[PDB]
Amino acid sequence: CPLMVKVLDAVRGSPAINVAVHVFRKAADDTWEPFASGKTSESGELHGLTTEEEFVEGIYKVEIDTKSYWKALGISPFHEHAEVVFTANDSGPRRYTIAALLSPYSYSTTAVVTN
Amino acid sequence: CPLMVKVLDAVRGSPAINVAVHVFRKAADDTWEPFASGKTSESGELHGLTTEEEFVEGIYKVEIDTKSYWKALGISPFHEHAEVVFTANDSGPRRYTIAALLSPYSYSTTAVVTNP
Amino acid sequence: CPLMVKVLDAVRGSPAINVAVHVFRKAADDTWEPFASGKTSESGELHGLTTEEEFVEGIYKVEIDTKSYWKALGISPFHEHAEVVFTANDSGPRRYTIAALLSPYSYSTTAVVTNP
Amino acid sequence: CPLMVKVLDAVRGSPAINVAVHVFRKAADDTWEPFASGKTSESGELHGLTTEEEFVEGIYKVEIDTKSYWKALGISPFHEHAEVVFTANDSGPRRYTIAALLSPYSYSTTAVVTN
Ligand SMILES: CC1=C(CC(=O)O)c2cc(F)ccc2/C1=C\c1ccc([S@](C)=O)cc1
Ligand SMILES: CC1=C(CC(=O)O)c2cc(F)ccc2/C1=C\c1ccc([S@](C)=O)cc1
C-alpha cells in the first residue's frame, strides 16, 4: 500500500469517517485523470488506493471531499475540498501517508513519506 | 480588499516572502478562469488581489506556489502548491483572509471570514 | 510591542475574541513568574502585553485560555489551554507573534519572529 | 493502551523518531506528578504509557521534547517543548491519541478520542 490517506476531525477529535477521497494522476496533457478513490474507514484511513506497480512517478492530486463531510455533520464548511498535490518520486522514500486534519474553516495536510 | 492571502513559513518562523499566489474563479462552464495573482510581500501578505466589485459570488481557487518558495530555499518540498478552494460571497460580500502556514511536508490553510 | 498573541477560531473562520492570555517568565529559581496577561481583541489579537525594556531574555510561557473560549460557545474542548513555551531574545531583542489556531480538539501554534 | 502519542516531523515528512514524551498528572496540590514517559518509536508513536487501570480521570499533561528533537536534527527550534494539557474524562470516548505535528517554529496537536 504505497499511498494511504488519513483524515482527522479537529472539531470532534475523531477519525474523519466516510470522507470521499479521489486521487488523480496528472496526464501528459496536464489534465487530472481519475486514478483511485474511496471513503475513509472508521479509523479515518483510506488504504489500498493503489499498488506499487500502478503508483509510478508523476504528479498526483489527492482530493478530499471535506465539504460533504462537514455538511453531513451539520457544520458550515469554508473549503470546497482539501486538495493535496504532490510529485511521487521514485528515488527515495516511497510509502505516502497523506494526513489531513479537518476543521470547518481550516485544514492541514501533511505527508509522511517512509520506506 | 475583500481577498487577502497571508503565508507564514513554519520552518523559519517568518513571513513567507515573494510567494507566488494565483487566484481562479470557476466559470459558468466549470473551468478555472484566471482571476488575480500576486506575490506575498515582506510581511508574507498579499493585498490588492481584487475589489468588492470584482469579487463576485463564485467558487474561487487560491493556488499558493509553495514549491518555488521552498525550492529557492534549497528545500525540495512535498506539495506542488497549496490550493484553497472555496465558495465566496454566498451569503453576501465578505472579507477573506486565506492564511497559510508552510512546512516542507505540511501546510495548513485557514480562512478568516469577516463581515464588513 | 515585542510580544503579540493572535488567536484564530478554525471552526468559525473568525478571530478568537475575548480569549484570556497569560504570560509567564521562568525565574532564576525555575518557577513561572506572572509576566503579563490580557484578552484578545475583536481582531483576535492581543497587543500591549509588554515592552522592549520589560521583555528581557528568558523563557516565557504564553497560556491561552482556549478552554473558556470553547466553553462559552457551548463546546467542551479537548485541551485545558494552549501553552507556548519559548526562549525569547536569546540572540538580541525580537518581535514575537504567537499565532494560534483553535479547534475544539486541536490547536496549532506558530511563532513569527522578526528582527526590528 | 488508553493513551498514545504520535509525533510527526513536518520538515522531513516523517515520523518524529526518538522524541522524549513525559506525561504528568495534576496532583491535588496543582503540581504535575510525573506519570509516564518514553521516546517515540520509529513510526513516531509512543504506546504503553499507561493502562486503563492507572489512567483515571484527571488533568494530564503530555510534554513532548520538541526542542531536543530539533537540536538533534541541527535545526533551530522556537518552542521549548510541545505541552498538551487535557482532562481525561471517564464518561465518553476513552482511548486518547495525542497527535503532534512538529515544525521548528510551529506545532499542532490534535486529540483523537475514540472507543
Ligand atoms: C500524528 C498524526 C496523525 C496520525 C495518527 O493520528 O495516527 C494524523 C492524521 C491526520 F489525518 C491528520 C493529522 C495527523 C497527525 C498530526 C497533526 C497533523 C497536522 C495538524 S494541523 C497543522 O493542526 C495537527 C496534527
Ligand atoms: C493567527 C494566525 C495568522 C495571522 C497573522 O499572524 O497575522 C496566520 C497567517 C498564516 F499565513 C498562517 C497561519 C496563521 C495563524 C495561526 C495558525 C494557523 C495555522 C496553523 S497550522 C494548523 O499549524 C497554526 C497557526
Side-chain angles (χ1 to χ4, degrees), chain A residues 24 26 30 32 59 61-67 70 76-86 100-109, chain B residues 1-10 15-27 30-41 43-70 77-91 93-103 106-114 116, chain C residues 8 10 13-14 99 101 110:
Chain A
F24 300 91
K26 224 193 192 174
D30 273 324
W32 290 110
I59 304 156
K61 170 164 92 175
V62 176
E63 195 151 60
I64 314 179
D65 195 346
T66 65
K67 189 190 192 209
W70 293 118
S76 211
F78 172 78
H79 311 271
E80 288 301 289
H81 45 72
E83 222 179 67
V84 183
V85 183
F86 63 101
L101 176 73
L102 307 189
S103 291
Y105 277 69
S106 193
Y107 69 87
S108 65
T109 183
Chain B
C1 198
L3 179 66
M4 192 265 274
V5 180
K6 184 176 179 133
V7 194
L8 293 183
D9 178 327
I17 299 161
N18 308 141
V19 177
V21 172
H22 289 82
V23 189
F24 306 85
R25 188 182 175 274
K26 204 164 209 170
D30 256 52
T31 70
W32 290 108
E33 283 184 3
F35 184 74
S37 62
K39 293 282 181 86
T40 58
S41 76
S43 61
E45 295 173 10
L46 176 44
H47 287 92
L49 276 170
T50 187
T51 62
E52 21 288 319
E53 286 90 332
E54 207 202 19
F55 197 48
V56 289
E57 294 192 72
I59 299 163
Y60 293 77
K61 167 171 61 178
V62 174
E63 261 187 55
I64 300 172
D65 190 8
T66 64
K67 191 187 203 168
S68 310
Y69 180 74
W70 293 113
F78 178 78
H79 318 256
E80 292 298 295
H81 55 74
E83 68 134 83
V84 183
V85 184
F86 65 105
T87 300
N89 311 308
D90 208 343
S91 286
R94 298 290 181 275
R95 314 178 55 89
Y96 292 83
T97 289
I98 307 311
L101 176 75
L102 318 178
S103 305
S106 188
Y107 67 86
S108 97
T109 196
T110 315
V112 197
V113 187
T114 59
Chain C
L8 293 183
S14 68
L101 176 75
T110 315

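Proteins come first, then strands; the chains are lettered A, B, ... in the order of their sequence lines, and each starts at number 1. The basis for the numbers below is simple: all heavy atoms, side chains too, and nothing from hydrogens, waters or symmetry mates.
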Classify the ring geometry of B:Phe86 against A:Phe78: parallel below 30°, tilted from 30° to 60°, perpendicular beyond 60°.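 B:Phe86 vs A:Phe78 ring planes: parallel.
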Please name the pair of heavy atoms, one in [X] and one in [Y], separated by the smallest distance, quoted to 0.1 Å.
X       : Y       : answer
B:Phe55 : B:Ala88 : CZ-CB, 3.6 Å
A:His81 : A:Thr66 : CA-OG1, 3.4 Å
B:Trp70 : B:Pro77 : CD1-CB, 3.4 Å
B:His79 : A:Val84 : ND1-CG1, 3.6 Å
B:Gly48 : B:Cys1  : N-SG, 3.1 Å

Output all residues satisfying side chain to side chain contact (heavy atoms under 4.5 Å, CB included) with [X], sequence neighbours left out; order by chain, then residue number.
X       : answer
B:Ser41 : B:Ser43, B:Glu45
B:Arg25 : B:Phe35, B:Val56, B:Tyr60
B:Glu57 : B:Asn89, B:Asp90
A:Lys26 : A:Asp30, A:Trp32, A:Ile59

Would you confirm whether [X], through its side chain, and [Y], through its main-chain N or O, come within 3.5 Å as a donor-acceptor pair?
X        : Y        : answer
B:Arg94  : B:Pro2   : no
B:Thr97  : B:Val112 : no
B:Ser103 : B:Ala10  : no

Partners of B:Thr114 by side-chain hydrogen bond (donor to acceptor under 3.5 Å, both in side chains), sequence neighbours excluded?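 Partners of B:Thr114 under the side-chain hydrogen bond (donor to acceptor under 3.5 Å, both in side chains) test: none.
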Taking only residues two or more places apart in sequence or in another chain, which ones pass side-chain hydrogen bond (donor to acceptor under 3.5 Å, both in side chains) with B:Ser106?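 Only A:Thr110 meet the side-chain hydrogen bond (donor to acceptor under 3.5 Å, both in side chains) criterion with B:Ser106.
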